[PDB]
Amino acid sequence: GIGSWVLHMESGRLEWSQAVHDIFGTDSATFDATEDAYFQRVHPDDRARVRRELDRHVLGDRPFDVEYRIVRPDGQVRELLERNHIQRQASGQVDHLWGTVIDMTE
Amino acid sequence: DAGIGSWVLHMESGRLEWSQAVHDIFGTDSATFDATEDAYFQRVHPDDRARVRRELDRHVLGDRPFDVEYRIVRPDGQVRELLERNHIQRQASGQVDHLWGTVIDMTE
Amino acid sequence: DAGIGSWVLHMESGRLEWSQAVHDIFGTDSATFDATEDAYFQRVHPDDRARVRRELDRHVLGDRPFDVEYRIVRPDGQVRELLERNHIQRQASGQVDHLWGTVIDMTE
Amino acid sequence: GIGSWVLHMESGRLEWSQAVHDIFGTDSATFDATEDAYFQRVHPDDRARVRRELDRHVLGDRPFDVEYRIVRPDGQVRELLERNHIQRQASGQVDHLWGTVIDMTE
């Protein structure tokens, strides 16, 4: 059926539902699951794309919007739109955020 | 009108860089504004500050699940098409602690 | 506490289905509440209604770009790895009018 | 370089930057671009995955959150969290939205 799984990054240690083994054709009691081992089951034509897709989604920019009101010093209240980008270093920790801010009060 | 504003928030430094275009939409002075994240929140409507904090944290630090398709090759030589749902779980630091999720064999 | 509420908004019908759990967080009566999208907005803080409308519209109807990787095969027999960025452009109806974007040959 | 492109859904008519032709190895002046034609350039091992990925992203559920305050009849003001799912029919038109609403006022 649907296999549950958990990867521990720091160690690469991998945990697999019996469902997952059935899917991969591996053997529960014996097959020691690690990220590196997982990638050997991955079709060779696919290994490289899957690494880039993981990285893109996990380390790369996942944009997003926040709307909020601000208060000018003269008490004026503006509706802004903030477009947010995330910049992560190798580790995954935010290095910086950046983006635009649009005054929508029109 | 000064148009679109662009900005950078340094995490280590905490430094917040504003183009004069931002300062303009905020009604502030380049020369005199603290340029920090807190300073920004002091300028944000009081009724909105918690919400925004949560929405940021939710995007920068929350789970942002996704799919991946790929074939695997079983030990028995058989080829399988998989759908895999990924969930990320970070530490307060941003560092990814665990990924986790599900795989579906959709091989027909 | 009645806990989590779940809800469905029918588009054609405009009908809005609430579990009693929602009615509970809203302080309303199942038997007496109109169960429509407008009714919902009348119950939403006045300072928030425009924002929410925009955020919905932005998610349901806005561009939601994405990536796709795949190999192509040139007429000359050569194999290439592509990165493709997709942007969707809908009609007020939701119907997708155009997709559009970019492709990068990342073949090494 | 980076190729620009536009697909017109209703017709499947396809528009291609010269950049795109260079990439696909096709010939600007002659090669008539359509969605169906595009898919013939797609590697055969990839054709099927690319269709499912398009569909998933374009017709499928793209969840999202909205936070907002409500007003109980007794003037009480609650902060809620709304989790939104989108349900599209074949056409792409929203059939319905659905989801949860969580009272955060704690």
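Order of the sequence lines fixes the chain letters, A, B, ..., with proteins taken first and strands second; residue numbering starts at 1 for each chain. Only heavy atoms go into these numbers, but all of them, side chains included; no hydrogens, no water, no symmetry mates.
Remark: the backbone N or O of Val44(B) is paired with a side-chain donor or acceptor of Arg49(B) at under 3.5 angstrom. When atom types are taken as modelled, the side chain of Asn84(A) and the backbone of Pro63(A) share no donor-acceptor pair closer than 3.5 angstrom.
Contact of the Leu82(B) side chain with the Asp105(B) side chain is registered, since non-hydrogen atoms from C-beta on lie closer than 4.5 Å. Between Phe33(C) and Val22(C) the shortest side-chain heavy-atom distance does not fall below 4.5 Å. Side-chain contact check for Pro75(B) versus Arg41(A): some heavy-atom pair is nearer than 4.5 Å. Under the 4.5 Å side-chain criterion, counting only non-hydrogen atoms from C-beta, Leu99(C) is in contact with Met9(D). The shortest side-chain heavy-atom distance between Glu67(D) and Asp65(D) does not fall under the 4.5 Å cut-off. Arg51(A) places a side-chain heavy atom less than 4.5 Å from the side chain of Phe39(A). Using a 4.5 Å heavy-atom cutoff, the side chains of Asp46(D) and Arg49(D) are in contact. You'll find the side chain of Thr36(B) stays beyond 4.5 Å of the side chain of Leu16(B), heavy atoms only.
The CD atom of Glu82(D) sits 11.0 Å away from atom CD1 of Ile102(D), with the distance rounded to the nearest 0.5 Å. The distance from atom CD1 of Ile72(C) to atom OG1 of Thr26(D), rounded to the nearest 0.5 Å, is 7.5 Å. Between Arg69(A) atom CZ and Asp47(C) atom CG the span is 5.0 Å, to the nearest 0.5 Å. Here the CG atom belonging to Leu81(D) is positioned 11.5 Å from the CD1 atom belonging to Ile4(C), to the nearest 0.5 angstrom. Separating the CG atom in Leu61(C) from the CD1 atom in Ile88(C) is a distance of 10.5 Å, to the nearest 0.5 Å. In this structure, CH2 in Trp7(B) is found 14.0 Å from NE2 in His23(B), a value given to the nearest 0.5 Å.
In terms of heavy atoms, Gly101(C) sits closest to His87(C) at CA-CD2, 4.2 Å. When all heavy atoms of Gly25(A) and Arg74(B) are compared, the pair lying nearest together is CA-CD, 3.9 Å. The shortest non-hydrogen separation linking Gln93(D) to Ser93(C) is OE1-CB, 3.1 Å. The heavy-atom pair separating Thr105(D) from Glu79(D) by the smallest distance is OG1-N, 2.8 Å. Shown here for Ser13(C) and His10(C), the closest heavy-atom pair between the two residues is CB-CB, 3.7 Å. The two atoms that bring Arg64(B) and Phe66(B) nearest to each other are O-CD2, 3.6 Å, heavy atoms only.
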Worksheet item: Should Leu7(D) and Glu35(D) be marked as a side chain to side chain contact (heavy atoms under 4.5 Å, CB included) after you check the CA-CA gap, both sets of side-chain angles, and the distance that decides it?
Response: CA-CA 7 Å; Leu7(D) 177 63; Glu35(D) 188 171 26; 3.7 Å; yes
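A side-chain donor-acceptor contact under 3.5 Å links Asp24(B) and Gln20(B). Inspection of the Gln87(A) and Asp95(A) side chains reveals no N or O donor paired with an N or O acceptor under 3.5 Å.
Here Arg54(C) does not pair with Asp57(C) in a salt bridge; the nearest charged N to carboxylate O distance is not below 4.0 Å.
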